[PDB]
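Visitor: I'd like to ask some things about the structure below.
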Amino acid sequence: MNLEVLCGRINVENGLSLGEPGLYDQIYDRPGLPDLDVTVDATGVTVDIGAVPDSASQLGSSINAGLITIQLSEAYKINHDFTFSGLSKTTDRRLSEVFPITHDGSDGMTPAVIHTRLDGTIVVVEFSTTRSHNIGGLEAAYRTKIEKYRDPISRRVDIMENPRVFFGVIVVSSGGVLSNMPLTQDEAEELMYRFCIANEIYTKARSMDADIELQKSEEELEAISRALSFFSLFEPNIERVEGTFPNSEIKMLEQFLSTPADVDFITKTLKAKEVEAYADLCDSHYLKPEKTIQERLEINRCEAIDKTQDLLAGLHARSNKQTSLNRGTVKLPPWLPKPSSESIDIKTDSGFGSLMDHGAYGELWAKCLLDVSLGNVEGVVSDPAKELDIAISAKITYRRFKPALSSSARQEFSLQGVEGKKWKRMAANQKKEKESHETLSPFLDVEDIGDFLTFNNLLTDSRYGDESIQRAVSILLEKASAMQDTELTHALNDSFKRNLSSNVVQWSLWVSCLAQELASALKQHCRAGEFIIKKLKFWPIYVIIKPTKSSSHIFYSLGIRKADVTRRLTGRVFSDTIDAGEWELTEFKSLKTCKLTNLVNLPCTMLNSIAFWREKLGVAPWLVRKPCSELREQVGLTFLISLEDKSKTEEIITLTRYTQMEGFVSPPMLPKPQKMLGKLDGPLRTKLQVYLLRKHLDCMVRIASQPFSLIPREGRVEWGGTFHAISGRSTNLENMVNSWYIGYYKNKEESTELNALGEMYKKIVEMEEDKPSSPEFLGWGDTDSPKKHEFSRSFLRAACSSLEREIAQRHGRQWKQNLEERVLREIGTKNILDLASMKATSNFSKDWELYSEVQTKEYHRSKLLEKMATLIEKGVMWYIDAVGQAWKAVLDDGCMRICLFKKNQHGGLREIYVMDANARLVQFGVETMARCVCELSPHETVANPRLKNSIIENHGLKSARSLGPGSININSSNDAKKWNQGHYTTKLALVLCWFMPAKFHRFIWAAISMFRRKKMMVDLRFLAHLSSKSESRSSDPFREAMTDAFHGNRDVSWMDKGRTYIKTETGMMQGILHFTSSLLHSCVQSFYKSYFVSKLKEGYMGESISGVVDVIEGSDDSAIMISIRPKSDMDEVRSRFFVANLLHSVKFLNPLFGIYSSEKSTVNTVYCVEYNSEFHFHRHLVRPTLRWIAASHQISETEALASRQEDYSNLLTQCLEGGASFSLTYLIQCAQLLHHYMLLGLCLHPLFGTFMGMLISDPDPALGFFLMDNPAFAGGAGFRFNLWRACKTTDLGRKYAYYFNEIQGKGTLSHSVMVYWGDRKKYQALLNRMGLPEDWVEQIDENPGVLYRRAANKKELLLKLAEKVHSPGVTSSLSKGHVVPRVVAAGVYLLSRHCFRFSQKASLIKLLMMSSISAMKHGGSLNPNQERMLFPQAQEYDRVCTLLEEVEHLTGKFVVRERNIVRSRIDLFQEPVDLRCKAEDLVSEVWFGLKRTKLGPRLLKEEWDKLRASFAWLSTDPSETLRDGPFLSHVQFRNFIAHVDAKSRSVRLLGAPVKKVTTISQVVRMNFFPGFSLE
RNA sequence: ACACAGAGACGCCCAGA
RNA sequence: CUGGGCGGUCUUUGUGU
Ligand SMILES: O=c1ccn([C@@H]2O[C@H](COP(=O)(O)NP(=O)(O)OP(=O)(O)O)[C@@H](O)[C@H]2O)c(=O)[nH]1
Ligand SMILES: [Mg+2]
Ligand SMILES: [Mg+2]
């Protein structure tokens, strides 16, 4: 409104008060844009501003009708003028008028507004206009303007006696205002409206006049030029497209675009679906005849009980019907030996011969111990002296023995799989193999598992506090905490050590040691009848090991003396052992590579589980309490899930989320958890699965009996009656939500056997059989009862029109013209090198079609970067130059080549499709187009990540403004069933071509046509076993169908005789058409929004219901939010019934668009909505922190030793942002320290105590020392902050200063201790197939501009390709799966073998000795110059470091937990602010004349002079840079100038609202522990 | 023991017996 | 049926935040 009243709200303090930006988004309902008639002449542009439509929102009232005219010299600034016309009309005032005159070159420039407040306080206001829909453009414009006007203003501040001043920047976009001023929402909405009108005017003027727009850079000009030339000269040969792919006639698209939607058909179908939905609701929820809620809930309970009994009977009928079983859940002994020193004690008082009379295992162990006593000890335990001799200045030694076992013993061992392939044809082996396939009865007695869960001794103190392993961990933790020695640190460390002395953790320690030994032994081989004997390092446990190979089972048997078992884990979930005379033995059990990662990570996992679940129960870390039943149940369930590690066990717990979401369903609807009974069917094979299924069904019946009570408490809504799904114990909502993710403790990366492959094929074939016979309802005509894969043309056009109307409301008319230019830009600028990646591409082709001539060959997937390099070799520069050849090859092939595999995920079974290079090239442009359209949609979240959050909290503001206080919010959280396989791609092509100009249409219709003939290669090993079995005897009809199709006994459409592939016409693939499907679902949600708004307007008896409707949607995942304000009690129930019917009708309206509603959808919940596993329970956002906590050890292979701590810091930050307190984050980091030291050889190397006690003297993260975070702010700051803190307090800074002096004479140094996995063999082969020159570095030294320019010729493209392959991203990308076992297998030789490389290879002990030798010449401290070179944010680090020194003690109080949990952002390390622009653009613009900045020559020279000061070796000549700097290569200099521009570190925190050093202190004092205030 | 409403794995490659 | 060879081995990881 007024210029002055906006400044009046601004508060000024002391000198230059700046503040922080605050984003405003479009929340209010806009009126229609006024009609604008534009005319141009040489005297200017005249616009006839029309009549603004008058709504009740008052928005846009400043827009008045007129014939205003702007001259043809500021015609490029209407967006800057009309947006701010009415807020800057106060003449012009330069800096020198109202500031002291300092004779620099900045005198003459003028800001937008300089208000004087008429009393002696100067406030300066700057305006900015951006056309970027993304929030990044707003931030870029804001930072550019504030950097342009910060330094001169700050200079003029210090020349005044009392400079009470304020600087503000206001940036306006299409759907966002970035301003640091207290500006109200109405003014922001007015700014968006003015921007929209100005942008429409400017686009209308530009579309008929070339010279209005300023001259764009010629790179952009050539980009749109080449894109337009391609799209206007691209002939897809539509005749061949129609003749090749089914249902690819362009007449379909012509009729879809030209024929308007049938209105009468739409209304009739809508009314029919309304009637059907009402009937379904009344039938399923017992609404008629009228009954109160008690009888309805009782009928629901009886129905749930009947359906549960039906499922149980059906499962029991297909099982072995055995009600009693002896099968342990934990296949490891419950032994808890007291850990001792390193020695072999096999002294049997009764002799080894007494072991011989105790069965096959007794005979085996007697012969093993006899061979050990009468043989060399070398091999049972690793030799310390040999490794000391090797380390002070590869081959693997294991003690192997060959027992002469009897035939009965060999038969018994073969029954367990030990050499079981030889004994396959024996009768007992055949009977065991037959019986192993049978399933378990649901009525099997599993009360022992419940007894273990309720009553266990897992959390009892083992009293092993002062044993060698925990002393080692204590020494390492103490040395890590010596740099942060506070009382609070001591309390949290004591809590960690108390958790370490627990029984379950002590058990898991030796279990992890055994798993590490097995992972090491997986690379060995043994002959027939030969075994390996090993002894665990810290425990008196002996292991007999039978290896087969690395990709198959590893067998092990355990043995201990009966006097060495100090205690045991109580419970009957453990497998039965063998009781010899004085020895306890274990039967042979098997493991794989994928099964070892849970056993290795078991101790840290259980420590994290204990800490997390004791925090969620409310007991502080510094308090000691006896465990309760809930803590024991949660910890024991985590224990059993970790040790079980099976997919079905995970799935049963995972489905409890959707089972328990039904308890939030509100009247008149009833909770319906029995809908999840379909997904609970399937074979049961373990007792834990049976127990979990029975508990799940009990929870289902209990929830169907009674919903969660909704309790209004003051102005906030809570829920009562929540409980754990498995335990059944009552708990709060947070613990119930977190307990849905206990199944995530199962290994995501589970290996897929051949047996399990065909079922994944079943997921693809079973949808192709449902293909419609006729294509009439595949895009041609209209149907009211669509079948599978079918949809209505009129409804599709109506949804497209609804989304087009909403897009025109948001971005204004002529939006398609702007979309055209942006699409042309994105297509033209991007080059073929940008598609090069280390991600697999398919090699399936015509040569692989017949199994007859490929039965001996072996198939592998190559990498996309190799094909990109092959294209670059042929002089291919731009992607759009290769689209034509790719499409021609695709059309000549006549199909689309795909190869399949199985995804490793925590949600069940899903397949993954990999395309070849040509299909990738053709699909990329379509996906770019669809992304550009989706970025225009105001409720599509895949392309707009902010919309994931903002719509939900802004719905409350919409409701408050439109209805007033006291509005009821009803939500539906929807899921789509079979999203990718359900969508016939003609629909997607029509939807995409609706939002494009016709010039792109012929491409889009062609490129999507190839999806209607997909040839997907199956695994060749699967066909090798399928070929030899002509007849199938399975009970799954798909197995007979595939066999008969392959052998030719049955004719099917998807498979032919003797082929390596399946054929698919319907559906799309996983995420290949992600953005196009998101656009389709956006159209559908816009149609639903308009339909619901019209239904609310018409009412149920002729008066409108006051309501606000919001929709949010992603790929297939969506939610609907409706707020209504009733005017009475009867009106309330009628309006709620009406809204419930509206939300229920979505399931029936979805098939008209080809979308099928999944049963996981939760409909009609009040004050509750879940969108992306982000649970909003009224004003309380709930995040499942356990989900991120269970993945805090999922590391990647890092060649550098200091990158492991970076990965740990990333995982710790992910845990912190998930909703964990700082003390929990510190305990998780303690577990991470234990994991890191275990992976270095703590339990596998004898030379660790020497390594530990001699690494104490040199705490270097490069050499393996773990830096621990500050407990009051754990996880907030990165690894570099801890490195900088260690440089300023520990003697590491002295070492770094000495190394810097050494490199000066004649972070960066932390990565100088490296290990090469497989000595870069395959990586080297990757360079031996391209023909890339080795002169690349010298050639780019000759031409540094290649590093800062897009492209000039194929030689430069080869140069940047060679730079790309010689990057850490390519290097750290060939690592395969199962990172933890492969990494820990190197922990047996890492310390004392020559494998480490230093910036000749040496050992870690050798490197530490050399560092200690050089540690006597260390002098002084680290220099301020390198204190800014190595740590650009170090000063910023300082303002955090001094802000944590006032929180040092464990003082505080337990306050009442005020629950208003929201998500907030904290900027702890901001952008480095001395230089206005980045150095990457600053150097490039001067050196090569590239307009990468927005500064004039004077400002550019000023920033150049500022860049001079810090580095001091910088030179204007690149040759002088080459011969005047430490960086010998331009590659290193480019990385240096990229990294010296430091990043801004921000943390997303979950907790009480933050009112913006104050924020950091507030979250430290609050988020240390829930319900506790620090100091 | 692993996988599985029985599709696999429980070693693979050679040289001579 | 005797002496041997076997790891970044292959399986294995796609499209978007
Ligand atoms: O890993 C992934 C997960 C999801 N997606 C994309 O997200 C879509 C839905 O992913 P989804 O997890 O919802 N599974 P869906 O196919 O809907 O069947 P259902 O289990 O019954 O719900 C899929 O169809 C893909 O398009 C991927 O592309 N990759
Ligand atoms: Mg959902
Ligand atoms: Mg889905």
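Naming works like this for the structure tokens: A, B, ... for the chains as they're shown, residue 1 at the start of each chain, ligands 1 onward in shown order.
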Taking only C-alpha atoms (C1' of nucleotides) into account, what are the residues of chain C at most 6 Å from chain A, put as an MDAnalysis selection string?

Guide: chainID C and resid 8 14:15

Visitor: Store the residues picked out above, limited to N, CA and C atoms (P, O5', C5', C4', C3', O3' and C1' of nucleotides), as a PDB file, in the first residue's frame.

Guide:
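Printed below is again.pdb as written:
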ATOM      1  P     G C   8      40.760 -58.809  -6.551  1.00  0.00           P
ATOM      2  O5'   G C   8      39.882 -57.506  -6.295  1.00  0.00           O
ATOM      3  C5'   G C   8      39.274 -57.274  -5.028  1.00  0.00           C
ATOM      4  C4'   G C   8      37.865 -56.743  -5.154  1.00  0.00           C
ATOM      5  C3'   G C   8      36.920 -57.571  -6.029  1.00  0.00           C
ATOM      6  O3'   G C   8      35.608 -57.537  -5.469  1.00  0.00           O
ATOM      7  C1'   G C   8      37.023 -55.362  -6.849  1.00  0.00           C
ATOM      8  P     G C  14      22.165 -48.308 -11.691  1.00  0.00           P
ATOM      9  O5'   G C  14      21.175 -47.652 -12.753  1.00  0.00           O
ATOM     10  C5'   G C  14      20.935 -48.278 -14.006  1.00  0.00           C
ATOM     11  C4'   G C  14      19.504 -48.112 -14.457  1.00  0.00           C
ATOM     12  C3'   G C  14      18.886 -46.740 -14.243  1.00  0.00           C
ATOM     13  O3'   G C  14      19.257 -45.801 -15.235  1.00  0.00           O
ATOM     14  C1'   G C  14      17.374 -48.403 -13.522  1.00  0.00           C
ATOM     15  P     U C  15      19.435 -44.257 -14.838  1.00  0.00           P
ATOM     16  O5'   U C  15      17.951 -43.689 -14.805  1.00  0.00           O
ATOM     17  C5'   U C  15      17.098 -43.783 -15.936  1.00  0.00           C
ATOM     18  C4'   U C  15      15.713 -43.296 -15.600  1.00  0.00           C
ATOM     19  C3'   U C  15      15.652 -41.968 -14.865  1.00  0.00           C
ATOM     20  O3'   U C  15      15.776 -40.850 -15.725  1.00  0.00           O
ATOM     21  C1'   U C  15      14.260 -43.531 -13.773  1.00  0.00           C
TER      22        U C  15
END

Visitor: When DSSP works through the backbone of this structure, what residues of segment 1372-1429 of chain A end up as alpha helix (DSSP H), shown as a list in words?

Guide: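 DSSP on the backbone gives alpha helix (DSSP H) at residues 1379, 1380, 1381, 1382, 1383, 1384, 1385, 1404, 1405, 1406, 1407, 1408, 1409, 1410, 1411, 1412, 1413, 1424, 1425, 1426, 1427, 1428 and 1429 of chain A.
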
Visitor: Please provide as number ranges by chain all residues within 10 Å of residue 4 of chain B, with the sequence filter that same-chain residues fewer than 5 positions apart are discarded (counting only C-alpha atoms (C1' of nucleotides)).

Guide: A: 436-438, 683, 753-756

Visitor: With a cut-off of 7 Å and counting only C-alpha atoms (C1' of nucleotides), select all residues of chain B in contact with chain A and give the selection as an NGL selection string.

Guide: :B and (1-11)

Visitor: Please identify every polymer residue within 8 Å of ligand 2, using only C-alpha atoms (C1' of nucleotides) and all ligand atoms, and present the set as an MDAnalysis selection string.

Guide: chainID A and resid 973:975 1117:1119 1160:1161 1170:1173

Visitor: Residues as selected, N, CA, C and O atoms, written as a compact mmCIF listing (two decimals), in the first residue's frame, can you do that?

Guide:
# COMPACT_ATOMS: atom_id res chain seq x y z
N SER A 973 -5.69 -39.67 2.47
CA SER A 973 -4.34 -39.99 2.02
C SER A 973 -4.42 -41.20 1.10
O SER A 973 -4.70 -42.31 1.55
N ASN A 974 -4.16 -40.98 -0.19
CA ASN A 974 -4.48 -41.97 -1.21
C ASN A 974 -3.22 -42.59 -1.79
O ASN A 974 -2.16 -41.95 -1.86
N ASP A 975 -3.34 -43.85 -2.19
CA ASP A 975 -2.29 -44.57 -2.89
C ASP A 975 -2.88 -45.21 -4.13
O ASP A 975 -4.08 -45.52 -4.18
N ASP A 1117 1.12 -40.70 -5.56
CA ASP A 1117 0.89 -40.61 -4.13
C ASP A 1117 0.37 -39.22 -3.81
O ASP A 1117 1.01 -38.22 -4.13
N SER A 1118 -0.81 -39.16 -3.18
CA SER A 1118 -1.58 -37.93 -3.13
C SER A 1118 -2.37 -37.84 -1.84
O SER A 1118 -2.47 -38.80 -1.07
N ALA A 1119 -2.94 -36.66 -1.62
CA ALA A 1119 -3.81 -36.39 -0.49
C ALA A 1119 -4.75 -35.25 -0.83
O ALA A 1119 -4.43 -34.37 -1.63
N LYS A 1160 -4.14 -49.39 0.45
CA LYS A 1160 -3.37 -48.72 1.49
C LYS A 1160 -3.85 -47.30 1.76
O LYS A 1160 -3.35 -46.66 2.69
N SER A 1161 -4.80 -46.80 0.97
CA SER A 1161 -5.32 -45.45 1.17
C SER A 1161 -6.12 -45.36 2.46
O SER A 1161 -6.90 -46.26 2.78
N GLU A 1170 -1.26 -37.95 5.93
CA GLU A 1170 0.08 -38.41 5.59
C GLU A 1170 0.26 -38.28 4.08
O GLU A 1170 -0.59 -38.73 3.31
N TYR A 1171 1.37 -37.67 3.66
CA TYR A 1171 1.61 -37.48 2.24
C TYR A 1171 2.75 -38.34 1.72
O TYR A 1171 2.53 -39.17 0.84
N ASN A 1172 3.96 -38.18 2.25
CA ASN A 1172 5.15 -38.87 1.73
C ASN A 1172 5.88 -39.57 2.86
O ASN A 1172 7.09 -39.42 3.04
N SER A 1173 5.12 -40.34 3.65
CA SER A 1173 5.53 -40.86 4.95
C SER A 1173 5.87 -39.74 5.92
O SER A 1173 6.64 -39.94 6.87

Visitor: Please identify all polymer residues within 12 Å of residue 17 of chain B, counting only C-alpha atoms (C1' of nucleotides), omitting same-chain residues fewer than 4 positions from it, and present them as a VMD selection string.

Guide: chain C and resid 1 to 3

Visitor: Let me see the file: selected residues, N, CA and C atoms (P, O5', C5', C4', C3', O3' and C1' of nucleotides), as a PDB file, in the first residue's frame.

Guide:
ATOM      1  P     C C   1      34.773 -91.524  -6.776  1.00  0.00           P
ATOM      2  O5'   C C   1      36.281 -91.683  -7.266  1.00  0.00           O
ATOM      3  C5'   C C   1      37.051 -92.826  -6.909  1.00  0.00           C
ATOM      4  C4'   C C   1      38.526 -92.608  -7.149  1.00  0.00           C
ATOM      5  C3'   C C   1      39.221 -91.668  -6.162  1.00  0.00           C
ATOM      6  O3'   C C   1      40.569 -92.099  -5.970  1.00  0.00           O
ATOM      7  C1'   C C   1      39.414 -90.797  -8.348  1.00  0.00           C
ATOM      8  P     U C   2      41.383 -91.678  -4.648  1.00  0.00           P
ATOM      9  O5'   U C   2      42.686 -90.961  -5.220  1.00  0.00           O
ATOM     10  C5'   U C   2      43.077 -89.671  -4.772  1.00  0.00           C
ATOM     11  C4'   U C   2      44.231 -89.138  -5.583  1.00  0.00           C
ATOM     12  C3'   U C   2      44.598 -87.678  -5.366  1.00  0.00           C
ATOM     13  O3'   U C   2      45.382 -87.455  -4.206  1.00  0.00           O
ATOM     14  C1'   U C   2      44.508 -88.126  -7.681  1.00  0.00           C
ATOM     15  P     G C   3      45.360 -86.019  -3.482  1.00  0.00           P
ATOM     16  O5'   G C   3      46.205 -85.072  -4.449  1.00  0.00           O
ATOM     17  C5'   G C   3      47.619 -85.186  -4.529  1.00  0.00           C
ATOM     18  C4'   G C   3      48.174 -84.483  -5.745  1.00  0.00           C
ATOM     19  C3'   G C   3      48.052 -82.966  -5.770  1.00  0.00           C
ATOM     20  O3'   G C   3      49.057 -82.321  -5.004  1.00  0.00           O
ATOM     21  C1'   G C   3      47.351 -83.839  -7.846  1.00  0.00           C
TER      22        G C   3
END

Visitor: Taking only C-alpha atoms (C1' of nucleotides) and all ligand atoms into account, list the residues no farther than 7 Å from ligand 3, as a ChimeraX atom specification.

Guide: /A:975-979,1116-1117,1158
